[PDB]
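Peer 1: Below you'll find the structure I mean.
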Ligand SMILES: *[C@@H]1O[C@H](CO)[C@@H](O)[C@H](O)[C@H]1NC(C)=O
Ligand SMILES: *[C@@H]1O[C@H](CO)[C@@H](O)[C@H](O)[C@H]1NC(C)=O
């Protein structure tokens, strides 16, 4: 968990979320398996 972890998580709140949180989530956390089939009703 570097300084960027908090930065990333904070800037996600600017509506950035996906692509920031996730990207860095990939490197920020060890648990990255919390997805769900939201809006995947034909996919
Ligand atoms: C993840 O982030 C990218 C940023 O361009 C966005 O296009 C995509 O829709 C996001 N995915 C979800 C499921 O939020
Ligand atoms: C199908 O895949 C897309 C990939 O971006 C994802 O939004 C979701 O899992 C599904 N989308 C819908 C509208 O079914």
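Read-outs throughout are calculated quantities, based only on the coordinates presented, and are distinct from any laboratory measurement. All Cβ positions, even for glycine, are placed from backbone atoms using ideal geometry, and neighbour counts span all protein chains on display.
Peer 1: Take the residues in segment 17-38 that are touching a helix residue (DSSP H, G or I) at 6+ places or on another chain (Cβ under 8 Å) and part of a loop (DSSP other than H, G, I, E, B); name whichever of them is surrounded by the most Cβ atoms within 10 Å (Cβ to Cβ).
Peer 2: Restricting to residues being touching a helix residue (DSSP H, G or I) at 6+ places or on another chain (Cβ under 8 Å) and part of a loop (DSSP other than H, G, I, E, B), the top hit is 20.
Peer 1: Any residue in segment 30-43 that's free of Cβ contacts under 8 Å to residues at least 60 places away in the same chain: show its pairings with residues that are in a loop (DSSP other than H, G, I, E, B) and more than 6 Å from ligand 2 (Cβ to nearest atom) at Cβ separation under 9 Å, as long as the two are six or more apart or on different chains.
Peer 2: Sorted first by the residue in segment 30-43, then by its partner, the pairs are 43/37.
Peer 1: Ok, one more. It is to be established whether one or more residues within segment 2-11 are under 10 Å from the mean Cα position of the chain (by Cα), in a helix (DSSP H, G or I) and more than 11 Å from ligand 1 (Cβ to nearest atom). Talk me through it step by step, then tell me what you get.
Peer 2: Going residue by residue through segment 2-11, those that are under 10 Å from the mean Cα position of the chain (by Cα) are 8-9.
Going one step further and asking which of them are in a helix (DSSP H, G or I), we end up with 8-9.
Remaining after also requiring more than 11 Å from ligand 1 (Cβ to nearest atom): 8-9.
Yes, segment 2-11 contains at least one residue that is under 10 Å from the mean Cα position of the chain (by Cα), in a helix (DSSP H, G or I) and more than 11 Å from ligand 1 (Cβ to nearest atom).
Peer 1: Can residue 41 be described as loosely packed, with under 12 Cβ neighbours inside 10 Å, within 16 Å of ligand 2 (Cβ to nearest atom) and assigned to a helix (DSSP H, G or I)?
Peer 2: No: the conditions fail for residue 41.
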